[PDB]
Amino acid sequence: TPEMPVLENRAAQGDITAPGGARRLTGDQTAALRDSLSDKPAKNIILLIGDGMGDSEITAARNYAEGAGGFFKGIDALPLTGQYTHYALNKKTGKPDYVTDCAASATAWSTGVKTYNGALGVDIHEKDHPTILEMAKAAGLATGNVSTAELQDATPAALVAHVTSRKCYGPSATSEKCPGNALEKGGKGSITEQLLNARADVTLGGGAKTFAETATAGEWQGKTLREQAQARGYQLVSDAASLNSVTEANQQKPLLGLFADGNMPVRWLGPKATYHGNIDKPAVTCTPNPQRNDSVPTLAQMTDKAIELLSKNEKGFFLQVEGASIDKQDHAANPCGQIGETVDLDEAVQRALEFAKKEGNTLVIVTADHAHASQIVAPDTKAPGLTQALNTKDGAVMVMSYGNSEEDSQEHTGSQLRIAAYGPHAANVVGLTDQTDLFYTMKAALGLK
């Protein structure tokens, strides 16, 4: 096939009150499904990760923006689907820890080995293993690592660094919390240090704050990590304008955009869930966040510029886009922020398939790292956690719930979650797989080693 079908319109066919008025699929898929099938080697691989975006997150965001009977043009439009396991390993026992953190998970799919919660590219034994990003580069492909969080955060960090603690952001954190990785003690260095040493062609996200540090040793001691980036041939860009002006990025001219002191500003603003908020409080309608500046690139924008620069490589490219704050907002009990963040990720996904569809050799994979606290309860539910009534696009009120923690931060769940793919070797996400399988798939699809 000169192209495989991307899911067209699986949105409710009509009047959801009539027979077949709700149906999503119009015909029998056997054939369409037959066409999506392919083992021709993927030439590019874009992995869009929705941080903590399980099935519950997806439903809730769609319900709100597209309505119950809606369809996500980007997120839902992927023909091949499955569920995958993502548990962690207990550092002392080598036994499962049913609820993984952001790191062990990002490592499982980036190295193909299960690890303890809080590890980045190192196994329970603390030994390092090459990441899919590193292997791609070695094989001469192009690297991209896009995110809305700080680049030091787990998901991005896990493709470019190897530290025993995900807390070893820069120089100091590392000296004390990861003595064994402290560049001055002979370690490879902090997450920030190793990210710059890693040199991926396109690196966009926030977290410029840690570049403020200065090396403790090495060839660039005294020099702020920012200075060293410049000194090493990096193109640093601080806004939409600067990014849009980058006409090329490669190993000679690698681009690094630091669009935020820490985490990038959330798109939608809305109150936080409260105890009995679905009954003592009124219905909520999210609105655009005043804080997010017109100069701070959206996920879809970053996702776009990267595909562009990255697509210049004759050999091909590897790109990880992460809608980071879905997680964070799930953690904060803030439905308007959590949902808006999934909508934002949806756009990036749209651009992924847009490229993927024309190019015809790109494997696009949309999944999350783990499940989160959020639930869609009935309107009159009386829950022990935090709720909130949202006015959805349907005109109907949807109630959300967060009751799995009393500590002031809701939390990750162990349930299996969806994994949707499209393109070459997209077959391998179907059925029940593991978060590590993802890594091996990305390998074979790219014909890597």
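From 1 onward, residues are counted along the sequence shown.
Between 287-295 and 315-323, it is 287-295 that carries the larger average Cα temperature factor according to the deposited entry.
Per-stretch averaging of Cα B factors for 41-49 and 382-390 places 41-49 on top.
Each of 9, 435, 441, 17 has a CA temperature factor in the record; the biggest one is found at 9. Ranking 337, 206, 118, 180 by the C-alpha B-factor listed in the PDB entry places 180 at the top. Per the PDB record, residue ranking by Cα B-factor puts residue 31 in the highest third of the chain. Residue 407: CA B factor lies in the highest third for its chain, per the PDB record.
When all modelled residues of the chain are sorted by CA temperature factor, residue 272 is found within the lowest third.
The entry lists a Cα temperature factor for residue 251 that places it in the highest third of the chain's modelled residues. Remark: residue 76 belongs to the lowest third of its chain, ranked by C-alpha B-factor as recorded.
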